[PDB]
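Every number here is computed from the coordinates shown, using simple stated rules; none is lab data. No Cβ is skipped: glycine too gets one built from the backbone with ideal geometry, and neighbour counts run over all protein chains shown.
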Amino acid sequence: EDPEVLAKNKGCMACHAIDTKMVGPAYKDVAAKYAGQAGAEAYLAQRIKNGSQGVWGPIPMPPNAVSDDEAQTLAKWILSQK
Ligand code: HEM
């Protein structure tokens, strides 16, 4: 289904926020810091399927069971949030 739909079925909208700061960096904000990358949604998918720290803060994102294609839409979904 749509990318956002995935954010709810996996729980991505639980620690993140299209703009408000919660457990992780806002979604749109994430694109503001990585903006300029030649494909940050692809690597974002590799870091979204395994999660990790040294990314935004000392709180490594818990790895999710999102297939590679689902984590790819999850990456472009964050940079496309509102
Ligand atoms: C499957 C749903 C989720 C998606 C699509 C998603 C996506 C992302 C992306 C693209 C990053 C970059 C991390 C990196 O580059 O390694 C990230 C970071 C982060 N996510 Fe998520 N996330 C999801 C669920 C969660 C959940 C459930 C939590 C809270 C338990 C969470 C907490 C964080 C934190 C804290 C960061 C910042 C990186 C750090 O501090 O280590 N995420 N997430």
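The conditions of being more than 6 Å from the ligand (Cβ to nearest atom) and in a loop (DSSP other than H, G, I, E, B) are not met by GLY24.
How about region 34-52: which of its residues are hydrophobic (A, V, I, L, M, F, W, C) and either more than 9 Å from the ligand (Cβ to nearest atom) or over 20 Å from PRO3 (Cα atoms) (or both)? Can you show your working first?
Start the filter on region 34-52 by keeping residues that are hydrophobic (A, V, I, L, M, F, W, C), which leaves 35, 38, 40, 42, 44-45, 48.
Those that are hydrophobic (A, V, I, L, M, F, W, C) and either more than 9 Å from the ligand (Cβ to nearest atom) or over 20 Å from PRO3 (Cα atoms) (or both): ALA35, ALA38, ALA42.
Of the numbered criteria (1) near the ligand (Cβ under 8 Å from one of its atoms); (2) surrounded by 14 or more Cβ atoms within 10 Å (Cβ to Cβ); (3) under 17 Å from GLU4 (Cα atoms), the one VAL55 fails is (3). For region 5-27, a residue qualifies if it is over 15 Å from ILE59 (Cβ atoms), surrounded by fewer than 16 Cβ atoms within 10 Å (Cβ to Cβ) and in contact with a helix residue (DSSP H, G or I) (Cβ under 8 Å, 6 or more places away or on another chain), and the qualifying residues are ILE18, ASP19.
With respect to (1) assigned to a loop (DSSP other than H, G, I, E, B); (2) in contact with a helix residue (DSSP H, G or I) (Cβ under 7 Å, 6 or more places away or on another chain), the lone exception for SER52 is condition (2). For region 5-16, the count of residues that are away from the ligand (no atom under 11 Å from the Cβ) and farther than 20 Å from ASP68 by Cβ is zero. Of all residues in region 60-75, one or more are surrounded by fewer than 15 Cβ atoms within 10 Å (Cβ to Cβ) and touching a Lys or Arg at 6+ places or on another chain (Cβ under 7 Å). Only one of these conditions is not met by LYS49: (1) crowded, with 17+ Cβ neighbours inside 10 Å; (2) touching an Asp or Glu at 6+ places or on another chain (Cβ under 7 Å); (3) closer than 18 Å to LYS82 by Cβ. Which number is it? Failed condition: (3).
Put simply, of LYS33, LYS28, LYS21 the only residue that is touching a residue at least 12 places away in the same chain (Cβ under 8 Å) and among the basic types (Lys, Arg) is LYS28.
Looking only at region 38-46, decide whether some residue is touching a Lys or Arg at 6+ places or on another chain (Cβ under 8 Å) and in a loop (DSSP other than H, G, I, E, B). Looking for residues that are touching a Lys or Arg at 6+ places or on another chain (Cβ under 8 Å) and in a loop (DSSP other than H, G, I, E, B), one finds none in region 38-46, hence no. Pairs are defined by a Cβ separation below 6 Å, a sequence spacing of at least 6 or placement on different chains, a first member in region 57-72 that is within 21 Å of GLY39 (Cα to Cα), and a second member that is part of a helix (DSSP H, G or I) and more than 6 Å from the ligand (Cβ to nearest atom); the pairs so defined are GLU70/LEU6; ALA71/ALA45; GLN72/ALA45.
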